[PDB]
Amino acid sequence: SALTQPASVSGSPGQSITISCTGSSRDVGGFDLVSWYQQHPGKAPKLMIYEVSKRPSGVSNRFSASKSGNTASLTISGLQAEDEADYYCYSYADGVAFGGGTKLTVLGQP
Amino acid sequence: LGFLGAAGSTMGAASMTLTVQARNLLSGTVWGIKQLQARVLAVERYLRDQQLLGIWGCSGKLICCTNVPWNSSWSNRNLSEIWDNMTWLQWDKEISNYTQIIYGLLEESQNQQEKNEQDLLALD
Amino acid sequence: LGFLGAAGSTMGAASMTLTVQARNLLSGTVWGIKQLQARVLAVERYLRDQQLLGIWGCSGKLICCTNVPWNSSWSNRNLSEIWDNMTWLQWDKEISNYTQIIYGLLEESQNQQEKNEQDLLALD
Amino acid sequence: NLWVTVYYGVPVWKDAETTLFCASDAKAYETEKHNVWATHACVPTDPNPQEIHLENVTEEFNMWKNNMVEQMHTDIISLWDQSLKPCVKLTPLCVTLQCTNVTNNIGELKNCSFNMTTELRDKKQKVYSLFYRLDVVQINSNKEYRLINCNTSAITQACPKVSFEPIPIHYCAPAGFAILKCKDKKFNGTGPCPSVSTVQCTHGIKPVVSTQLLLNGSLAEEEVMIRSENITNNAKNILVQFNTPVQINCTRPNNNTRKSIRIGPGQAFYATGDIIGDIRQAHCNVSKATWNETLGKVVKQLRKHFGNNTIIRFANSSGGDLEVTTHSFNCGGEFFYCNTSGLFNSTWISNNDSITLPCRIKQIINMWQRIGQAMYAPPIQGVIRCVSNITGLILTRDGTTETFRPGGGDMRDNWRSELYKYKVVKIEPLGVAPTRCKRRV
Amino acid sequence: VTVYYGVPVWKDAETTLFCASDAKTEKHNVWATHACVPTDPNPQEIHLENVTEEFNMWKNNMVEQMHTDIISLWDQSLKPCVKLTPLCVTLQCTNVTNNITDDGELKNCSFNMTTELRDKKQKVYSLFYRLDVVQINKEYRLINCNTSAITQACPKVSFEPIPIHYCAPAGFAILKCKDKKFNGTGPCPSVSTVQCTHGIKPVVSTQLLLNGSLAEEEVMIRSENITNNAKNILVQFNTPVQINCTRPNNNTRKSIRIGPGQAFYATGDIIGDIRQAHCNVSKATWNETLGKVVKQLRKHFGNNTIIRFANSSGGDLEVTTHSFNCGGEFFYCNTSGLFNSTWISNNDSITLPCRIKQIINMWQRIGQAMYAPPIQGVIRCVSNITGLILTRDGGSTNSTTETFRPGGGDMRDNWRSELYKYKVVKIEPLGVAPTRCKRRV
Amino acid sequence: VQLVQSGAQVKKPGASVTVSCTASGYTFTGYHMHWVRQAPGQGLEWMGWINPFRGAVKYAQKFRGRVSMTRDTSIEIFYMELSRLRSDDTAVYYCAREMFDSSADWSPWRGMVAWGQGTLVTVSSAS
Ligand SMILES: *[C@@H]1O[C@H](CO)[C@@H](O[C@@H]2O[C@H](CO)[C@@H](O[C@@H]3O[C@H](CO)[C@@H](O)[C@H](O[C@@H]4O[C@H](CO)[C@@H](O)[C@H](O)[C@@H]4O)[C@@H]3O)[C@H](O)[C@H]2NC(C)=O)[C@H](O)[C@H]1NC(C)=O
Ligand SMILES: *[C@@H]1O[C@H](CO)[C@@H](O[C@@H]2O[C@H](CO)[C@@H](O[C@@H]3O[C@H](CO)[C@@H](O)[C@H](O[C@H]4O[C@H](CO)[C@@H](O)[C@H](O)[C@@H]4O)[C@@H]3O)[C@H](O)[C@H]2NC(C)=O)[C@H](O)[C@H]1NC(C)=O
Ligand SMILES: *[C@@H]1O[C@H](CO)[C@@H](O[C@@H]2O[C@H](CO)[C@@H](O[C@H]3O[C@H](CO)[C@@H](O)[C@H](O[C@@H]4O[C@H](CO)[C@@H](O)[C@H](O)[C@@H]4O)[C@@H]3O)[C@H](O)[C@H]2NC(C)=O)[C@H](O)[C@H]1NC(C)=O
Ligand SMILES: *[C@@H]1O[C@H](CO)[C@@H](O[C@@H]2O[C@H](CO)[C@@H](O[C@H]3O[C@H](CO)[C@@H](O)[C@H](O)[C@@H]3O)[C@H](O)[C@H]2NC(C)=O)[C@H](O)[C@H]1NC(C)=O
Ligand SMILES: *[C@@H]1O[C@H](CO)[C@@H](O[C@@H]2O[C@H](CO)[C@@H](O)[C@H](O)[C@H]2NC(C)=O)[C@H](O)[C@H]1NC(C)=O
Ligand SMILES: *[C@@H]1O[C@H](CO)[C@@H](O[C@@H]2O[C@H](CO)[C@@H](O)[C@H](O)[C@H]2NC(C)=O)[C@H](O)[C@H]1NC(C)=O
Ligand SMILES: *[C@@H]1O[C@H](CO)[C@@H](O[C@@H]2O[C@H](CO)[C@@H](O)[C@H](O)[C@H]2NC(C)=O)[C@H](O)[C@H]1NC(C)=O
Ligand SMILES: *[C@@H]1O[C@H](CO)[C@@H](O[C@@H]2O[C@H](CO)[C@@H](O)[C@H](O)[C@H]2NC(C)=O)[C@H](O)[C@H]1NC(C)=O
Ligand SMILES: *[C@@H]1O[C@H](CO)[C@@H](O[C@@H]2O[C@H](CO)[C@@H](O)[C@H](O)[C@H]2NC(C)=O)[C@H](O)[C@H]1NC(C)=O
Ligand SMILES: *[C@@H]1O[C@H](CO)[C@@H](O[C@@H]2O[C@H](CO)[C@@H](O)[C@H](O)[C@H]2NC(C)=O)[C@H](O)[C@H]1NC(C)=O
Ligand SMILES: *[C@@]1(*)O[C@H](CO)[C@@H](O[C@@H]2O[C@H](CO)[C@@H](O)[C@H](O)[C@H]2NC(C)=O)[C@H](O)[C@H]1NC(C)=O
Ligand SMILES: *[C@H]1O[C@H](CO)[C@@H](O[C@@H]2O[C@H](CO)[C@@H](O)[C@H](O)[C@H]2NC(C)=O)[C@H](O)[C@H]1NC(C)=O
Ligand SMILES: *[C@@H]1O[C@H](CO)[C@@H](O)[C@H](O)[C@H]1NC(C)=O
Ligand SMILES: *[C@@H]1O[C@H](CO)[C@@H](O)[C@H](O)[C@H]1NC(C)=O
Ligand SMILES: *[C@@H]1O[C@H](CO)[C@@H](O)[C@H](O)[C@H]1NC(C)=O
Ligand SMILES: *[C@@H]1O[C@H](CO)[C@@H](O)[C@H](O)[C@H]1NC(C)=O
Ligand SMILES: *[C@@H]1O[C@H](CO)[C@@H](O)[C@H](O)[C@H]1NC(C)=O
Ligand SMILES: *[C@@H]1O[C@H](CO)[C@@H](O)[C@H](O)[C@H]1NC(C)=O
Ligand SMILES: *[C@@H]1O[C@H](CO)[C@@H](O)[C@H](O)[C@H]1NC(C)=O
Ligand SMILES: *[C@@H]1O[C@H](CO)[C@@H](O)[C@H](O)[C@H]1NC(C)=O
Ligand SMILES: *[C@@H]1O[C@H](CO)[C@@H](O)[C@H](O)[C@H]1NC(C)=O
Ligand SMILES: *[C@@H]1O[C@H](CO)[C@@H](O)[C@H](O)[C@H]1NC(C)=O
Ligand SMILES: *[C@@H]1O[C@H](CO)[C@@H](O)[C@H](O)[C@H]1NC(C)=O
Ligand SMILES: *[C@@H]1O[C@H](CO)[C@@H](O)[C@H](O)[C@H]1NC(C)=O
Ligand SMILES: *[C@@H]1O[C@H](CO)[C@@H](O)[C@H](O)[C@H]1NC(C)=O
Ligand SMILES: *[C@@H]1O[C@H](CO)[C@@H](O)[C@H](O)[C@H]1NC(C)=O
Ligand SMILES: *[C@@H]1O[C@H](CO)[C@@H](O)[C@H](O)[C@H]1NC(C)=O
Ligand SMILES: *[C@@H]1O[C@H](CO)[C@@H](O)[C@H](O)[C@H]1NC(C)=O
């Protein structure tokens, strides 16, 4: 995957953590079509943000996403139990491109 | 004498019937679409005529004079033998070849001039 | 220079070409109903413009002075810096925000004062 | 001090939208051809369209946010629908087609025998016709067929009194509205236009219906223009206009003969008679040299648009319907498609005869994807031949090797290739100005 | 003398009134607003003082204009949909219900219908209602098969009453009688002008003004003349009455093919228990609303008299019951329980049987019928009642008791309930005056 | 907006697999229609997008020459066909509908909010 995402993340419910989608100058730095899908256990990934920092209706405010130059980022706020899902960063690198996805855990082992 | 009533009247008296045709000019589904088309055509023609009266140095009805010269090309003849020898019908038939240029001249040579020096003299 | 000819010309020169486009502001089933709708729109827009021009207290054309003070703030320039520096396009672009209040104020404060004391001074 | 003074009749324009009427040429007034499709009630054109050139002026043009093309598209849709309403409806053509082949030895020509209601509703007749394979679909004893759009629309025969030739048409703005012409040589669609001029009526573009390329167009630019809101967007259709017209010779050798078939009281449908002579197929001939040189010009500009010099492969249409995959157009009254794969197969890295394209004819058509209203194009007697000169290409970039493929389908792009340089602006003859003048009490 | 231009003059006059609707969901050209111009974003409502206008809501010509406009709009939106002329066919129809009176009112009719190919014919079945078919001598057939041409409302469009504002053109102003105690005829102490009216829901109903305007904080009994029994008595509430209208039957829609390009949507099997629609109204709130309305009625007939409410006298089904639409189909609630009280001097909900009727010939135009398509799933809607179209029964020699019965039928009364406080007046800004001025020579 | 997908299919390598994905709850010919393939346990992958108006398609460089995707406006069914199957083709496939209509500024490359249930294909050398 051209969108270099870290392997996995772990934490606990309640606090706020961040995940970054670090890309080159042609996928995230060159274009503002960034996005952040959320794949569900054996289900279709549903984006949580749809642009550099745009989110449609049907998602809580705890997902703050933005691009820090060539390193797009997503922030998980007020972690809870249902947050047990992997999140895919999406960008248009002269075409669709999907990130590696990051495992996330709350109140549990890494 | 009604709409187009004093058409055959000489200009000595025809100058006093102008208000009649001025007043009646705009005359205060299929088979009904013609009514709409005819009324909008009447409105458009009336406003075209009023615009011509407006872009000219008249801004009024039945009368206006101006400072632009008259041309011999336009039926060169003396006052008496154009105001008492013919009516507007024959005269128009003999001058309906210069109408565009006569309008253009009496428009630009004064509206583009006399209003400009009017503004200039009010500018002092 | 024809309809909208001297658009990019200096306003001092643009004052001499107002009538060539004031003249052409009227230009004289489906796929034909467009003609009717377009001509109705054109005639109504021209009458709106004439209503604005007449209600402002001049009823004249191409030149309209008034008795309402033009505060320096709106201009923020001088006679030469307006009539020579820029043409009407960018002038409108830099002024196309006050035209509503400009029109309303120069119409009300002119008419409902000057016309009223004009009737008064003729009432004596 | 200073004083305001308003001027009536000021040369001021603003971006706006209004319904634009037409003014077609009067040379067709002696060639009505029974109310030809494009022009029925269009007023005569202006004998001397005054294109006033303007100096010290620049206007921000936009050919993609342009609403002139939207008005063109909706107007063509409405005109085509109106010209199709009064003609013969073909609801009795939906019938079990007992259909066989025509090729005696080693489809595309189906001899279909079927039943039809004659003039007398009580009586019924047995008639046959030659439909194309693309026109019928098999339903599952010989193989019974039925019309392709019998279960999804209502077939209407374009009454043959009208003709489909693209007539030179004009869009003229109403009074008080000006049409700006971006006359400058180097223009791409967006940005300031140095040479802008006003005109009453449009340049004049025939309402051509086409898919892969752009027949009967006009480009004064000496080089191909690559016009797209985002060349970086691969999906974005990279509209192309050939600087040099490419002469094409599409010929339909089949000697098709129109065969009137009564479909009821006061109802008759023109079927297809026996194809006189050898059973052949329509074919488009493009001079290989002309096509290669024009491809060189376009690839040069494409390389200039995409970097400086990159590997560019002209590939066949990636996908689409028949109209999209195979270039569609009207030659002499009937619509047929050619795969145009000999035109898009050149893989170019850095640097006499004619290519012949297989063409397939599809009489029944529902163009513009107006589902529920499909037209049956009647057969045209005799051999059909028409010669055009391509002026444009509807290319789409694929996702160091940038491969281009033809696209289209959407018909707004057909008009945008010609309404690119025009825009409509309204007049605001009222303007406030500061003046030392002062009226009297 | 002296003429003034722009003199505050209005005179009673009639003119064509265009519309204005909210920009808030096209739903394929909703019946109410398709080409209606956007409403005024900020409805400047201008109040007036020292103003007295002779209002007359019964001689008002606005209501006739809106009635004819609604007729034309319904016909126009109904014209392009599917014709149902092939439904005239012998219906082999049988009862569905095993147990006695578990539900008539549900007829399973199996009949013939021509498919896409005219050669073949298909045997199909549907669940009609008793009110929709009649027996021919068991064999049934559609009730409106011998008097009109059934036309299915194409289900892409909805039947939603959208708020509509009728806005007078230039030179015409709409007067609003803003005073509280408004009778219907006579001077209005508080006359205020506006560009145009509030959001009018053009609901279709009889005997109950569903989703009407209830701004009248008093139950003002209106009629063109109280003493005339034969003229309907208009009543407008102050407190809304909630109603729970449901169609508990779960219908599935079967798209029976009447092609080419035509679809006849027939009801499939009712997946679930067979039930009949019931229109519930809270007994309490309805009681107190009737108490208020009778207290106000006693002001028009004596000082203390017996007021009796009874079920509709008789007539067509659309008059003896409560016609309206809930979520896409028309049905009627006999409301025989809402009018049964007799009042001399002074928690649950009443339930009303409600009968579905898909085929409808509303407005009694014999030239065209209509077939409301089935709506999938359970239909539930809640409306508010703001008025009663009551009619007074004839009196006697000694009328110590006066019985009020529901009426309606003529839809003009439905429209008058929303346009009582509006009227159009044309402006005459020309007017002479005496002055001491003198124009020069 | 709801999208039914076809049932599970079992295929042999070298064969051709075709899947269906219906459309309901919106206008069919006004929204691009992405096709997304997810291998079990690996990253998310894209196949192509359909423009239902005129049937315009655009594939992936890794999948050019194998995939062929079409549609029919009549029944409103989205057909995705994949031929010349390989071992790695064993996956669950998803059909994604865009947020905005096809006329948006970046319509074909937007978020593709609506996703079908998903169809899983098993391409195994075993029988
Ligand atoms: C007076 O005013 C009432 C309030 O507006 C109105 O009652 C509501 O009317 C609306 C519109 O008819 C009802 O909602 C729609 O109902 C239809 C039929 O069930 C639906 O097709 C439609 O969309 C669907 O809604 C489903 C969920 O209900 C959803 O799953 C589907 O995907 C789809 O979006 C609307 O739901 C509404 O239920 C009525 N009641 C309520 C509780 O608001 C009265 O009819 C009106 N009276 C008159 C005479 O006009
Ligand atoms: C009106 O008539 C037209 C013309 O007859 C008709 O169009 C056809 O509809 C059928 C469906 O009824 C379409 O059939 C599909 O076509 C695709 C083409 O790639 C096939 O892949 C499909 O079958 C395979 O795939 C399925 C899963 O996706 C499998 O379940 C199946 O076993 C196969 O492997 C299927 O055949 C057909 O393409 C169109 N068009 C044509 C040209 O036939 C239209 O549906 C009719 N409308 C109505 C409402 O009746
Ligand atoms: C692009 O432009 C070129 C140049 O204008 C077009 O080529 C010409 O097209 C003409 C129209 O198709 C064509 O003439 C005749 O073509 C058909 C007959 O072959 C038919 O459309 C008309 O003739 C009919 O004749 C019968 C028998 O008399 C009548 O009953 C009918 O009413 C018609 O009159 C056309 O006159 C012409 O030959 C052809 N080439 C030349 C040299 O002009 C080309 O089609 C355009 N392409 C597109 C896509 O529009
Ligand atoms: C109205 O009458 C309809 C016709 O009798 C009835 O539907 C039909 O009911 C029969 C059973 O009585 C079904 O018969 C078939 O059922 C299954 C189908 O897989 C199999 O056992 C056999 O194929 C068997 O023949 C019909 O399929 C069914 N529909 C049709 C098209 O005939 C309705 O249910 C009746 N409606 C009501 C509410 O009474
Ligand atoms: C299509 O089939 C018809 C019917 O067979 C052909 O027309 C008939 O041809 C026979 C001779 O083979 C004649 O005797 C008949 O008079 C013809 N017409 C009728 C009404 O039967 C027709 O030629 C075939 N078309 C092609 C091109 O094969
Ligand atoms: C565009 O390319 C396609 C192939 O992608 C051409 O159609 C055929 O496709 C099948 C596979 O589905 C191949 O086996 C054939 O060899 C292809 N024929 C060719 C290459 O001509 C299609 O014809 C090409 N041109 C168009 C769309 O007009
Ligand atoms: C099509 O084929 C016919 C038959 O060979 C050619 O001849 C004409 O056919 C029509 C119809 O039978 C007759 O009315 C004419 O008199 C025939 N002309 C001649 C000279 O015999 C016809 O010319 C062919 N058309 C084309 C354009 O090739
Ligand atoms: C549709 O039309 C056919 C025409 O034949 C009807 O068929 C007959 O139906 C009756 C019973 O109603 C049988 O006694 C006959 O034997 C049938 N004739 C044949 C040739 O099948 C059919 O009944 C009609 N459809 C319905 C629902 O009644
Ligand atoms: C008003 O009430 C009367 C009964 O008092 C209703 O008449 C009866 O209605 C039932 C049901 O339709 C019939 O079975 C009876 O035979 C009717 N009786 C008579 C004497 O006709 C009447 O229908 C009610 N009216 C309304 C509009 O609800
Ligand atoms: C009307 O009945 C149908 C058929 O029962 C309902 O649709 C689905 O039916 C299946 C099979 O019984 C159930 O598993 C589903 O759960 C049903 N859908 C839903 C959303 O529950 C349909 O829902 C019924 N409609 C109503 C409004 O009750
Ligand atoms: C509304 O009026 C109808 C009569 O038009 C009432 O119908 C009842 O119908 C049943 C048979 O279904 C009869 O046994 C009853 O005698 C009828 N009652 C009357 C009053 O006639 C219906 O019940 C009434 N609804 C109410 C009272 O809410
Ligand atoms: C247009 O015609 C060309 C030439 O006949 C087609 O190209 C062939 O397509 C077949 C499959 O249909 C392949 O097997 C051949 O290898 C292709 N090339 C040659 C040289 O025959 C082309 O496919 C046609 N257009 C479409 C859309 O099928
Ligand atoms: C007829 O013409 C003569 C010409 O001198 C004129 O005096 C007279 O008034 C005219 N009569 C009418 C009624 O036009
Ligand atoms: C008037 O105009 C004509 C041309 O229209 C010209 O020949 C003539 O010399 C001009 N002047 C006079 C005095 O006629
Ligand atoms: C135009 O010129 C001719 C020259 O003979 C003359 O007879 C005519 O009256 C002039 N004016 C017109 C045509 O009205
Ligand atoms: C453009 O500006 C130059 C400035 O020197 C001026 O000389 C020229 O006349 C102008 N042209 C127009 C058409 O106004
Ligand atoms: C001038 O003064 C008036 C009155 O205060 C104000 O309404 C108007 O906006 C001012 N405009 C300028 C700065 O010319
Ligand atoms: C109009 O004036 C306002 C207030 O100064 C300003 O914000 C706006 O940008 C102006 N618009 C122009 C100059 O077009
Ligand atoms: C002839 O008809 C058959 C179907 O009956 C069809 O398969 C075939 O392609 C047709 N044409 C030829 C050349 O056989
Ligand atoms: C035209 O070129 C300019 C740069 O000179 C660019 O900003 C603009 O987007 C281009 N327009 C098009 C339609 O490509
Ligand atoms: C297109 O060019 C390539 C060049 O290798 C050739 O192989 C191919 O056959 C050509 N196209 C056709 C349709 O022959
Ligand atoms: C075009 O012509 C050049 C020579 O001028 C040749 O090298 C090139 O291969 C040709 N391209 C095609 C597609 O035939
Ligand atoms: C293209 O063909 C048309 C056919 O009418 C012709 O008029 C035009 O001149 C041709 N193109 C060029 C540039 O010659
Ligand atoms: C069957 O239908 C007839 C139609 O008149 C109806 O009278 C009867 O009550 C229904 N049910 C039974 C059990 O006969
Ligand atoms: C007018 O109001 C009075 C009460 O003030 C009422 O008696 C009378 O009936 C009303 N007239 C009409 C017809 O509305
Ligand atoms: C009807 O149902 C609605 C929704 O449940 C409820 O709010 C309302 O109170 C009900 N009607 C009555 C009269 O209670
Ligand atoms: C209405 O009141 C009468 C009074 O006699 C009673 O017989 C009847 O049952 C009542 N109806 C309802 C539905 O309560
Ligand atoms: C009018 O009906 C609506 C539901 O359609 C309800 O919400 C409202 O409360 C009712 N009346 C008022 C103004 O309270």
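Per the deposited record, cryo-EM is how this structure was determined, to a resolution of 4.2 Å.

Chain E is annotated in the PDB entry as HIV-1 BG505 SOSIP gp120,Envelope glycoprotein gp120 of Human immunodeficiency virus 1. Looking at the Sequence similarities (unreviewed entry) heading of the UniProt record, one finds this comment for chain E: "Belongs to the HIV-1 env protein family."

Per the PDB entry, chain A goes by the name IOMAmin5 Fab Light Chain and belongs to Homo sapiens.

Engineer: What am I meant to see in the overall build of chain E here?
Structural biologist: A tally of helices and strands in chain E yields 4 helices and 30 strands. Burial status across chain E gives 49% buried among its 441 residues. For chain E, the accessible surface area stands at approximately 22100 Å², while carbon and sulfur atoms represent 52% of it. Computed over 48 positive and 38 negative side-chain charges, the separation of the two mean positions in chain E equals 2 Å.

Engineer: What should I look at first to understand the packing of aromatic side chains in this one?
Structural biologist: Working definition: an aromatic ring pair is given by the centre-to-centre distance plus the angle between the planes. Throughout the structure, instances matching the rule amount to 52 aromatic pairs over all chains. Ring centres of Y90 of chain A and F98 of chain A lie 5.6 Å apart, and the angle between their planes is 35 degrees; this geometry places the pair in the tilted category. You'll find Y90 of chain A and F98 of chain A in the same group, each marked buried. When the centroid spacing of 5.8 Å and the interplanar angle of 50 degrees are considered together, the rings of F164 of chain D and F335 of chain D count as tilted. Placement of the pair is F164 of chain D in the loop between β12 (154–157) and β13 (171–172) and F335 of chain D in strand β26 (residues 335–338), with a sequence separation of 171 residues. The exposure classification of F164 of chain D matches that of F335 of chain D, with both residues buried. Chaining the aromatic ring pairs together yields one cluster made of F31 and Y92 of chain A together with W46, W49 and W109 of chain F. Over the ring of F177 of chain D we find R45 of chain C; its NZ or CZ atom is 4.5 Å from the centre of that ring.

Engineer: How do you make sense of the interface of chain C and chain D when you look at a structure like this?
Structural biologist: Taken together, the contacts link 58 residues of chain C with 55 residues of chain D. Where chain C touches chain D, the interface holds 12 residue pairs in polar contact. Among the elements of the structure, α2 (18–22), α3 (33–55), α5 (79–83), α6 (88–95) and α7 (99–123) of chain C are those that each provide at least two residues to the side of chain C that touches chain D. Tallying contributions element by element places α3 of chain C first for the side of chain C that touches chain D, with 11 residues. Looking at side-chain class alone, the side of chain C that touches chain D contains 36 nonpolar, 16 polar and 6 charged residues.

Engineer: How should the sheet that holds β13 of chain D be read in this particular structure?
Structural biologist: Strand pairing within a sheet occurs via backbone hydrogen bonds; the two strands may be parallel or antiparallel. Residues and elements named next belong to chain D. Ordered by their spatial adjacency, 3 strands build an open sheet running β4-β3-β13, and the pairing between neighbours is mixed. This sheet does not close on itself; its edge strands, each paired only once, are β4 (43–44) and β13. As judged from the 2 bridges shared by strand β3 (residues 21–24) and β4, these two strands associate in the parallel manner. The residue of β4 that forms the bridge with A23 is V43.

Engineer: Any chance you could explain the nonpolar core here in plain terms?
Structural biologist: What tends to happen in soluble globular proteins is that the nonpolar side chains get buried as a cluster. Core analysis: the biggest nonpolar cluster contains 60 residues, and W70 and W88 of chain C together with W13 and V432 of chain D have the highest contact counts within it. If sequence neighbours within four positions are ignored, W88 of chain C has contacts with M11 and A14 of chain C together with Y7, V10, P11, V12, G431, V432 and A433 of chain D. Counting 52 residues, the second largest nonpolar core, distinct from the first, contains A44, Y50 and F98 of chain A together with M69 of chain F.

Engineer: Looking at this structure, how should I read the environment of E94 of chain B?
Structural biologist: Residue and element names in this part refer to chain B. With respect to the helices and strands, the residue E94 is situated in helix α5 (residues 88–95). The contact partners of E94, leaving out residues within four places of it in the chain, are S75, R77 and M86. For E94, the side chain forms a polar contact with the side chain of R77, separated by 2.9 Å.

Engineer: Can you walk me through the interface of chain B and chain D in this structure?
Structural biologist: A common way to report how large an interface is uses the accessible area buried once the components associate. Between chain B and chain D, the contact holds 4 residues from the first and 5 residues from the second. In this assembly, chain B packs against chain D so that about 340 Å² is buried in total across both faces, 56% of it on carbon and sulfur atoms. Per-residue buried area on chain B facing chain D is highest for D119, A122 and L123 of chain B; these three make up 88% of the total on that side. Connecting chain B to chain D are 0 salt bridges. Connecting chain B to chain D are 0 residue pairs in polar contact. Here the side of chain B that touches chain D is built from residues that sort into 3 nonpolar, no polar and 1 charged.

Engineer: How do you make sense of the side chain of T197 of chain E when you look at a structure like this?
Structural biologist: All names here are of chain E. Along the chain, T197 turns up in the loop between β14 (191–194) and β15 (220–222). Using a relative accessible area of 5% as the deciding quantity, one classes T197 as buried. A distance of 3.2 Å separates the side chain of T197 from the side chain of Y422, its partner in a polar contact. Beyond its immediate sequence surroundings of up to four residues, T197 is in contact with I164, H165, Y166 and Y422.

Engineer: Looking at this structure, I do not really get the sheet that holds strand β6 (residues 91–95) of chain E. What am I missing?
Structural biologist: All names here are of chain E. Strands sit in the order β8-β7-β6-β10-β9 across an open sheet of 5 strands; the sheet is antiparallel. The sheet is open, and its two edges are formed by β8 (121–128) and β9 (133–136), each paired on a single side. Shown here is a sheet whose adjacent strand axes are inclined to one another by a mean of 40 degrees, direction ignored. Across 4 bridges, β6 lies against strand β7 (residues 107–114) in antiparallel orientation. By the bridge assignment, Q92 is partnered in β7 with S110.

Engineer: Which parts of the structure should I look at to understand the pattern of salt bridges?
Structural biologist: Where charged atoms of side chains with opposite charge meet at close range, the side chains can pair. Residue and element names in this part refer to chain D. Taken as a whole and assessed by the stated rule, the structure comprises 45 salt bridges over all chains. Among the ionic pairs, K186 bridges to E223, the shortest N-O distance being 3.2 Å. Placement of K186 in the loop between β14 (177–182) and β15 (190–193) and of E223 in the loop between β17 (213–214) and β18 (225–227) is noted, with a sequence separation of 37 residues between them. Given a relative accessible area of 24%, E223 falls into the partly exposed group. Because the salt bridges share partners, they merge into one network encompassing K186, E221, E223 and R227.

What counts and how
Residues carry numbers counted from 1 along their chain as the sequence is written. These may differ from the entry numbering, and residues without coordinates are not shown. All chains are assigned letters beginning at A, and all ligands numbers beginning at 1, according to the order in which they are written. Note that the displayed chains come from a larger assembly and that each value is computed for the displayed part only. The basis for every side-chain value is the complete set of heavy atoms in the structure, and neither hydrogens nor water enter the calculation. UniProt positions are given in the numbering used here, feature names are shortened, and annotations may be inferred rather than shown by experiment. Counting from the N terminus, the helices are DSSP H or I runs at least four residues long and the strands are E runs at least two residues long. We call a residue buried when its accessible area falls under 20% of the maximum for its residue type, exposed when it is over 50%, and partly exposed in between, using a 1.4 Å probe and counting protein chains only. For the area figures, the Shrake-Rupley method with a 1.4 Å probe applies, and any residue is considered shielded solely by the protein chains shown. In this tally, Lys and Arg are treated as positive and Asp and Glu as negative; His is ignored, and so are the chain termini. A charged residue contributes its charge at one atom only: NZ of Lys, CZ of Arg, CG of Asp or CD of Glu. Aromatic pairing here means that ring centres of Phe, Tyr or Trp (its six-membered ring) are within 6.5 Å. Orientation follows from the plane angle: under 30 degrees is stacked, over 60 is edge-to-face, and everything else is tilted. Distance and angle both matter: a charge sits over a ring if NZ of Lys or CZ of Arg is within 6 Å of the ring centre and within 35 degrees of the ring normal. Note on contacts: a residue pair is in contact if any heavy atoms of the two residues lie within 4.5 Å. What qualifies as a polar contact is a pair of N or O atoms within 3.5 Å, subject to a donor-acceptor requirement within protein and to the restriction that residues adjacent in sequence count only when both atoms come from side chains. Basically, the charged four are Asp, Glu, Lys and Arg, the nonpolar ten are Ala, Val, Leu, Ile, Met, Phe, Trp, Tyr, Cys and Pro, and anything else, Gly included, counts as polar. Any two strands are treated as partners once DSSP identifies two or more bridges connecting them. Buried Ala, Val, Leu, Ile, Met, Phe, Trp, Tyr and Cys residues that are joined via side-chain atoms within 4.5 Å together make up what is termed a nonpolar core. A simple way to read buried area is as the amount of 1.4 Å-probe accessible surface that goes missing from two parts once joined, with both sides added. The term salt bridge refers to a pairing of a side-chain nitrogen on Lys or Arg with a carboxyl oxygen on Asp or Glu at a separation within 4 Å. Working convention: axes come from line fits to C-alpha atoms, limited for helices to the stretch in contact. Angles between N-to-C directions cover 0 to 180 degrees.

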